[PDB]
Amino acid sequence: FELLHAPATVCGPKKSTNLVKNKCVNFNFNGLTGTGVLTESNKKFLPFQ
Amino acid sequence: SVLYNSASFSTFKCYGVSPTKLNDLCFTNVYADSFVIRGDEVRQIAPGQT
Amino acid sequence: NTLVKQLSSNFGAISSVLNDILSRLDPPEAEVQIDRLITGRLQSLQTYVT
């Protein structure tokens, strides 16, 4: 395997969950863990990042 | 996790990741290689060995 | 700024993110990995305080 190389698309069967924001919650995005508050972003990304 | 004990393989060892933790991480471009070797040469296939 | 930049160094470990180590390994193998990083960060903080 190789870790954190691309927009990963292959991994184990963990069911998703309803999205929540604006509250101090945990998160798990493609194996990226951590805690914090999620809010809408005014930034812009190139369509490969 | 199902493959970890479905066939009860003789040798199963993971480097850089724990076998029970393979059910959460998300990877990219998984590779697979296969061959057939004698019993003694199995112990010499681990990385960092001569 | 120099003190803050120290969080992005491997210090001999396999990664600089503690959550990564906790996620991709078991405690028996993550012990030394956490220990080395702790030692490095402690030394850096000592220098700053001095």
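Straight-line reach only, C-alpha to C-alpha below 25 angstrom: list the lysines that B:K13 could link to, leaving out same-chain residues fewer than 8 apart.
Straight-line reach from B:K13, under 25 Å: A:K14, B:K21.
Compute the distance in nm between two label points, each set 7 Å from the Cα along the Cα-to-Cβ direction, one at A:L19 and one at C:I14.
3.2
What net charge is computed for the residues neighbouring C:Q33, neighbours being all others with C-beta under 12 Å from the C-beta of C:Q33, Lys and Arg scored +1, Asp and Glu -1?
-3
Compute the angle between helix C:27-49 and the longest alpha-carbon principal axis of chain C, please, reported from 0 to 90 degrees and rounded to the nearest 10.
Helix C:27-49 and the main axis of chain C meet at about 0 degrees.
Roughly how compact is the protein assembly as shown, stated as its Cα Rg over 2.2 N^0.38 Å to two decimals? Walk me through the numbers before you get to the answer.
Values: Rg = 19.9 Å, N = 149, 2.2 N^0.38 = 14.7 Å.
Cα Rg divided by the expected 2.2 N^0.38 Å: 1.35.
Using square roots of five times the C-alpha gyration tensor eigenvalues, list the equivalent-ellipsoid semi-axes of chain C in whole Å, biggest first. Provide the component values of the computation, followed by the final result.
Values: eigenvalues 100, 25, 10 Å².
Ellipsoid half-lengths, sorted descending, are 22, 11, 7 Å.
Find the relative contact order for chain A and round it to a whole percent, using C-alpha pairs within less than 8 Å whose residues are 6+ positions apart.
On the way: 27 pairs, mean separation 12.4, N = 49.
It comes to 25 percent, rounded to a whole number.
How much length, in nm to one decimal, is gained on full extension between B:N5 and B:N23, taken as 0.36 nm per residue of separation minus their Cα-Cα distance?
Values: separation 18, 0.36 × 18 = 6.48 nm, distance 1.39 nm.
5.1 nm is the gain from fully extending B:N5 to B:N23.
Quick one: order B:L3, A:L38 by neighbouring beta-carbon count within 10 Å, fewest to most. Mind dumping the intermediate values first?
Working: B:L3 10, A:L38 13.
Placing the least packed residue first, the sequence is B:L3, A:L38.
Please report the relative contact order for chain C, taking Cα pairs under 8 Å with a sequence separation of at least 6, and give it as a percent rounded to a whole number.
Values: 27 pairs, mean separation 21.9, N = 50.
Result for chain C is 44 percent.
If you take the beta carbon distance between C:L42 and A:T33 as r and set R0 to 35 Å, what does 1/(1 + (r/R0)^6) give as a FRET efficiency, to the nearest 0.05?
After rounding to 0.05, the efficiency reads 0.90.
What is the distance, in nm, between label points placed 7 Å from the Cα along the Cα-to-Cβ direction at B:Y31 and at C:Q6?
3.8
Only counting other Cβ atoms within 10 Å, I'd like A:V10, C:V17 sorted with the fewest neighbours first. Display every interim value, and only then the final one.
Working: A:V10 10, C:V17 17.
The fewest-first ordering by Cβ neighbours comes to A:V10, C:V17.
If you scale each eigenvalue of the Cα gyration tensor by 5 and take the root, what three semi-axes come out for chain B, rounded to whole angstrom and sorted largest first?
22, 15, 11
Cβ: placed from backbone, ideal geometry, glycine included. Neighbour counts: every protein chain shown. Readers should treat all values here as calculations from the given coordinates under stated rules, not as data from a laboratory.
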